[PDB]
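Residue strings, one per chain:
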Amino acid sequence: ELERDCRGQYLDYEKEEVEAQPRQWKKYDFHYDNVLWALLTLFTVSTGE
Amino acid sequence: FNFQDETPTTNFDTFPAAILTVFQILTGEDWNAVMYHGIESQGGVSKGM
Amino acid sequence: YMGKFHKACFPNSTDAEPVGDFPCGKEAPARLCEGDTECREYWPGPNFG
Amino acid sequence: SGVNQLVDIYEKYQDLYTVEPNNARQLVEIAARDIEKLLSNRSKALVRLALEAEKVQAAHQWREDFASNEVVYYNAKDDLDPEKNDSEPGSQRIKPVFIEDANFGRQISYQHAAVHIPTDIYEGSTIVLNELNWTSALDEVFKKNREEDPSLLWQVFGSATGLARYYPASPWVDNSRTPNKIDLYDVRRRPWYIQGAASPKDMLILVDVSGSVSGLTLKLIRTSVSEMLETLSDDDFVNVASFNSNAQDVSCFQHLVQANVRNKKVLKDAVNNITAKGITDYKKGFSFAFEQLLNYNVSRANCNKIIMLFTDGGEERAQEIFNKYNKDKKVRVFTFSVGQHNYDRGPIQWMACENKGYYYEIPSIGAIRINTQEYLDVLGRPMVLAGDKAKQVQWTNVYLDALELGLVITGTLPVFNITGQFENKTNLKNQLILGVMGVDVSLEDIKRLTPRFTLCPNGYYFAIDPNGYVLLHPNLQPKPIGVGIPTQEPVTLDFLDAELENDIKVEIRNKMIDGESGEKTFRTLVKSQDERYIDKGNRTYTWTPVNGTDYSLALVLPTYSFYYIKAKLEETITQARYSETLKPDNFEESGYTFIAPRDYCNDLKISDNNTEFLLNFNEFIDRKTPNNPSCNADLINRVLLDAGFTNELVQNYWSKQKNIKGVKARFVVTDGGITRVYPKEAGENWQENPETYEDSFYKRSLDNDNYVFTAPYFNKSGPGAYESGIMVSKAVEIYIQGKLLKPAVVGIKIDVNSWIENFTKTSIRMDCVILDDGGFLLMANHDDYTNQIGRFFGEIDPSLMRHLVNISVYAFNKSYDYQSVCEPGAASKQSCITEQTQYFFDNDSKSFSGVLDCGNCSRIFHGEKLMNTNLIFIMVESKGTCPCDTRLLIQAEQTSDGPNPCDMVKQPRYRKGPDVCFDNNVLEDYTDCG
Ligand SMILES: CC(C)C[C@@H](C(=O)N[C@@H](Cc1ccc(OCc2ccccc2)cc1)C(=O)NC(C)(C)C)N(C)Cc1ccc(C(C)(C)C)cc1
Ligand SMILES: *[C@@H]1O[C@H](CO)[C@@H](O[C@@H]2O[C@H](CO)[C@@H](O)[C@H](O[C@@H]3O[C@H](CO)[C@@H](O)[C@H](O)[C@@H]3O)[C@H]2NC(C)=O)[C@H](O)[C@H]1NC(C)=O
Ligand SMILES: *[C@@H]1O[C@H](CO)[C@@H](O[C@@H]2O[C@H](CO)[C@@H](O[C@@H]3O[C@H](CO)[C@@H](O)[C@H](O)[C@@H]3O)[C@H](O)[C@H]2NC(C)=O)[C@H](O)[C@H]1NC(C)=O
Ligand SMILES: *[C@@H]1O[C@H](CO)[C@@H](O[C@@H]2O[C@H](CO)[C@@H](O[C@@H]3O[C@H](CO)[C@@H](O)[C@H](O)[C@@H]3O)[C@H](O)[C@H]2NC(C)=O)[C@H](O)[C@H]1NC(C)=O
Ligand SMILES: CCCCCCCCCCCCCCCC
Ligand SMILES: CCCCCCCCCCCCCCCC
Ligand SMILES: *[C@@H]1O[C@H](CO)[C@@H](O)[C@H](O)[C@H]1NC(C)=O
Ligand SMILES: *[C@@H]1O[C@H](CO)[C@@H](O)[C@H](O)[C@H]1NC(C)=O
Ligand SMILES: *[C@@H]1O[C@H](CO)[C@@H](O)[C@H](O)[C@H]1NC(C)=O
Ligand SMILES: *[C@@H]1O[C@H](CO)[C@@H](O)[C@H](O)[C@H]1NC(C)=O
Ligand SMILES: *[C@@H]1O[C@H](CO)[C@@H](O)[C@H](O)[C@H]1NC(C)=O
Ligand SMILES: *[C@@H]1O[C@H](CO)[C@@H](O)[C@H](O)[C@H]1NC(C)=O
Ligand SMILES: *[C@@H]1O[C@H](CO)[C@@H](O)[C@H](O)[C@H]1NC(C)=O
Ligand SMILES: *[C@@H]1O[C@H](CO)[C@@H](O)[C@H](O)[C@H]1NC(C)=O
Ligand SMILES: [Ca+2]
């Protein structure tokens, strides 16, 4: 839960077979980090999708 | 809704969760996923439709 | 559309769970699949059937 | 066969050798001294390494910037490609030059130590980078240790941050970068690290199977309990309880049982078979836990009492249960909040505080592996505070090495954090160990300190744990121990399961565990090597404790094996005229020669392809004189003496005759290694092991002072029985100075047709069968039984087999093989416990008659045991009668489950636990509930 920690690799048990995946510090698709991004996020919320 | 491998966030366990789930079904978005969960909870398609 | 969502293409006679959550067909216009798989009967269907 | 000719040849050359005694007492004392010297050498290496690790971590300065000062190290999971772009910001990677070494069998670099960092651990964080910085002194002391003792195998620092730094730099096994080969190795789960990180436990896993744990929580709880059990050694005692308004055992065990492979499997099955239902009650569960930890009627390790609570959360603290049962705070309580939920986690975190424990969270699979290592991190606080009384070398059970070397035992020593010491500071985390240092001792390295070739092929050494497991035994194979029916554990094979179990052997095992010394001569059922016969042996066990360790060494020695022939070959020409017989160009006057692939000289490499080894042996014999200290003279002297005697037999008695109608092959096998089979035609049909000490018939024919016929294998794809024959052998029994010593076996491979014609020749003067020991049809008359020659007679007509057993002419012993490969069924090949049986002559009587009461019919038989052999003739006259073929007596290595563990823990085998253990210190700071 920090960008310092979120480096290297990790074991993913999602596939039901262990697989090593990279650790990526990502941002969500609709993310409110601006009044232009918040407008788009709120528009997509208002359309219901 | 305590399924194997997962527990949905849109569940009817407590009152805040139930009230939010009913609100989300009212707005119309993804009511079908909650329907599938509520059918699988009452036994399989076999006996809970 | 009766009973058309039940042919999923399964591994090579291993009797394991089918690969992919989509119906298939052994015919020409339907969705073929790939990777040593056989489009055979008895898959409950999409969305738990 | 010419027993007499080989005999009088042997007495004809008393001036060519000397007969020497096998004083078993001195042999055991010498081997025990050698083994204690080896283990003390490894202990000294460990002490050096641990001292330097503590000193060099005491003088370390913490940092957060490694860009300005890179750390240079070799990462084990680096690809051999010269990739300049495979470096972390704070670390520059070494690219080593790898040579191939004989000791290790892998690429080995002596110039630096390698490092293993688990995939789930980032290899450039601050903790990892600091550890990689201060372990370079460990690298240097690795070099020094290997420089003072060139026989060292892997010597390793198992860091508590996840790292592992072993000295001979070798690439990780198969898991560097390979699809479907994921690297789940973690040093802190390894048996040697688990062993050296703390003292033996008394767990009791309380699983909270109530209603609120259904779904994902129960999945994570059962996986977590499995992974918790996978961190318990054989010195640890554990039971698993489960409570939902009522506490009960999850399995058939009613108390704390030892945490060995079988019991751990039983507990794992019980936990996997568990279901969630009902209301929680934290008082009736902890009452059960504290009551089961108050049981002292059962065997235990009276140390480190623990309770592992696998719940999710709740609003119940149960203060009064703890104040009643745990008031002196003798019992820890580690609480685990498993699952992804929003229940209250306050009482869960409080039970750990008021009971010296710790609180762990397991939100999802992937968090399971780390928290078990972490309670073990907690348990080592009392060990740290005991400064130098806790630094003692301990050796683990026999296990299979990671960097594949075969079977090894690791000697561990923990490393203490000593930053603030004699200059006392806050000493925040000075209660945790830095890691554990281990050094591996190869089991084949222990085998070389117990020379076996001066003994009979029936005499051998074996060592033992305090738990009774064998450090060293002829029946210990490099395979994992089977635990049930197939559908990184240690190789823990008990002494009573590596052999046949009498009561005298239980007395001997108990005496060895206690560390006493003594001798015992008695009569033993010795199972043959092919696991198909049982002979009535004559043994003499002598044992001593190995001083300075927990091991106890013993030497099995047959009564006739008290003397051995010492070859007096010092003429340098007589050995040459013996040697000239061995090139594979004279295999027409002398027999087809095979040589035991022994360690005659180190420059010879043993080969599975025997004639290759024969060629190099001849080559080295061609120029042998300058290689005086290169190798042992005794082995080559004896093998050449035996080759000469065998040649004198094969020319002066076999080459004068050249042909007998009945025989198909004439062979002689000698303890030196010579096994010349005469015709050179059946030598292609010869399928016996080149090493004579592993020849089943040779070992069988020495205890049995008579003729032994080995029935060929049935339905085996190869040379078969018709075109090879059937084996016949008797052992020479020469006397020198009035002493009984048996140096060799001669034999005949009698042809099947030349016997069947003579057997049916006299029929004018149909059902007639010949049976040997073990009830195998050697040959018959009906000519359809002879189709199934060598096959077990019980498979032919099992009714007569059962009845003939009922007269008690054939006794049988059913035992277990825990190290056998196994075809997996349904609910490549896994390993199971196979349940092999062997038959033999119950009584010594010679004539047997009776009536077979077949169902609604009657059958008559007469049995006569041929004098001076292991055969019985059965005259039964009944074919195609009413069907009494209900079942079969299948003498075969049958897949089975082992002995019922729920019944074997109520009368457990005697076992001596570790003496000193560290728990419940008063200086320990409990205010770290996490
Ligand atoms: C109810 C229907 C008859 C008409 C209804 C509609 O079509 N909604 C969409 C879903 C939706 C919702 C919000 C959207 O963002 C525009 C917005 C945002 C906030 C408030 C008002 C408008 C876009 C799409 C729908 O699901 N349509 C189906 C036919 C049922 C499939 N819109 C709202 C009428 C409308 C649209 C645009 C405007 C202007 C702003 C003046 C241009 C004015 C009026
Ligand atoms: C079935 O076939 C022949 C039957 O003639 C068996 O060989 C004979 O065995 C008898 C046993 O008592 C011998 O007397 C026969 O002659 C012996 O030959 C040896 C050869 O070294 C002499 O030293 C003896 O003094 C004696 O004369 C012997 N004859 C032959 C030709 O072998 C044969 O053993 C038997 N088959 C099997 C498999 O045993
Ligand atoms: C062995 O014990 C010593 C001390 O008992 C450990 O050294 C100490 O480690 C802590 C980190 O847990 C250091 O605190 C850190 O300091 C840096 C810089 O001041 C700061 O940026 C961090 O936020 C954190 O506060 C501490 O300085 C360091 N030294 C002392 C004297 O306390 C050591 O880590 C232990 N060994 C291992 C292998 O962890
Ligand atoms: C393995 O094979 C050996 C073959 O000797 C078996 O040992 C024999 O077992 C029988 C059956 O229990 C013993 O007979 C019993 O003798 C006692 C004492 O006289 C008598 O009271 C009983 O009524 C019964 O007749 C026999 O003595 C014993 N042999 C020896 C030398 O002690 C053994 O049972 C087989 N199985 C195992 C697991 O070892
Ligand atoms: C780095 C900042 C760039 C942000 C551009 C994002 C595009 C957002 C489009 C906004 C759409 C608004 C719809 C609702 C208007 C009332
Ligand atoms: C397993 C297949 C057959 C199971 C029996 C039929 C169950 C489906 C019928 C119920 C559907 C409920 C929705 C009705 C909406 C009008
Ligand atoms: C082990 O020590 C005991 C007593 O210290 C001694 O009697 C015995 O000979 C020793 N054994 C060896 C192999 O040194
Ligand atoms: C122990 O080490 C010494 C020198 O360090 C060596 O001479 C001796 O042979 C070693 N012992 C064994 C059993 O290898
Ligand atoms: C730790 O790092 C510093 C700077 O790179 C280096 O001088 C020092 O030798 C390192 N410690 C050890 C034990 O090598
Ligand atoms: C163990 O498994 C069997 C078979 O699934 C089941 O019938 C039994 O109830 C299980 N044990 C418990 C205690 O539930
Ligand atoms: C142990 O044995 C004693 C006496 O044999 C008995 O009273 C007690 O119930 C047994 N069990 C425990 C747990 O003490
Ligand atoms: C060994 O065998 C001899 C005869 O073969 C027998 O008299 C003796 O009792 C046996 N040894 C033991 C310990 O019984
Ligand atoms: C064994 O080695 C010899 C000598 O090189 C060779 O002729 C023979 O083919 C080899 N046999 C096998 C099975 O490798
Ligand atoms: C032999 O068979 C009888 C009945 O068929 C049985 O009672 C007995 O146990 C068997 N074994 C012996 C050694 O008598
Ligand atoms: Ca509950």
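Procedures and definitions
Residues numbered from 1 in each chain as written, not as in the entry; some residues may be left out. Chains lettered and ligands numbered in written order. Part of a larger assembly, values for the part shown. Heavy atoms only, no water. Helix = DSSP H or I, 4+ residues; strand = E, 2+ residues; numbered from the N terminus. Buried < 20%, exposed > 50% of the residue type's maximum accessible area, 1.4 Å probe, protein only. Contact = heavy atoms within 4.5 Å. Areas by Shrake-Rupley, 256 points an atom, 1.4 Å probe, with all protein chains shown as cover. Donors = N, O, S within 2.8 Å, 3.2 Å for Na, K, Ca; no water. Disulfide = S-S within 2.5 Å. Buried area = accessible area lost by both parts, 1.4 Å probe. Salt bridge = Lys/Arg side-chain N within 4 Å of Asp/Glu carboxyl O. Polar contact = N/O pair within 3.5 Å; in protein donor to acceptor, adjacent residues only side chain to side chain. Nonpolar A, V, L, I, M, F, W, Y, C, P; charged D, E, K, R; others polar. Near = heavy atom within 4 Å.

Structure determination for this PDB entry is given in the record as cryo-EM, at a resolution of 3.0 Å.

### Concerning the overall build of chain A
From N to C terminus, chain A includes one helix and two strands. Counting from the amino terminus, helix and strand elements in chain A follow one another as β-β-α. Each of the three principal axes of chain A carries a C-alpha extent, and together these read 40 × 25 × 10 Å. Residues classed as buried in chain A amount to 14% of the 49 residues present. Partitioning the contacts of chain A with sequence separation of at least 6, the portion at a separation of at least 24 is 3%. For chain A, the exposed area adds up to about 4600 Å²; of that, 52% sits on carbon and sulfur atoms.

### Section: the coordination of the calcium ion (ligand 15)
Residues and elements named next belong to chain D. Surrounding the calcium ion (ligand 15) are the protein donor atoms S212 (OG) and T280 (OG1), which sit 2.4 to 2.5 Å from the metal. Taken together, the positions of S212 in the loop between β9 (205-207) and α6 (216-229) and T280 in the loop between α7 (261-272) and α8 (282-292) put the pair 68 residues apart, joining distant regions of the chain. Take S212: its relative accessible area is 32%, and that puts it in the partly exposed class.

### A few points about the state of the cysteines
Residues and elements named next belong to chain C. The full count for this structure, using the stated rule, is nine disulfides over all chains. Covalently, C24 is tied to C39 through a disulfide, its sulfur atoms 2.0 Å apart. Of note, the bridge from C24 to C39 carries an S-S torsion of about 110° and is right-handed in sense. You can see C24 sitting in the loop between β1 (8-10) and β2 (38-40) and its partner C39 sitting in strand β2, a full 15 residues away along the chain. Both residues of the pair, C24 and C39, belong to the buried class.

### Observations regarding the interface of chain A and chain D
Opposite the 10 residues of chain A that make contact, chain D presents 10 residues. Regarding the contact of chain A and chain D, the summed buried area is about 820 Å², with carbon and sulfur atoms giving 62% of it. It is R7, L11 and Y13 of chain A that lose the most area in chain A upon contact with chain D, and together they represent 50% of the buried surface on that side. Where chain A packs against chain D, one counts zero salt bridges. Here chain A is connected to chain D by two residue pairs in polar contact. At three residues, strand β1 (residues 9-12) of chain A tops the list of elements feeding residues into the side of chain A that touches chain D. Split by residue class, the side of chain A that touches chain D holds five nonpolar, two polar and three charged.

### Digging into the environment of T47 of chain A
With respect to the helices and strands, the residue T47 of chain A is situated in the segment after α1 (35-46). Put simply, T47 of chain A and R4 of chain A are 43 residues apart on the chain and 37 Å apart in space, counted from C-alpha to C-alpha.

### A look at the site of ligand 7
All names here are of chain D. Every residue near ligand 7 is listed here: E29, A32, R33 and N547. Here an oxygen atom of ligand 7 sits 2.4 Å away from a polar atom, N or O, in the side chain of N547. With the chains in place, 45% of the 360 Å² that ligand 7 exposes on its own is no longer accessible. Class assignment for the residues of the shell around ligand 7 results in one nonpolar, one polar and two charged.

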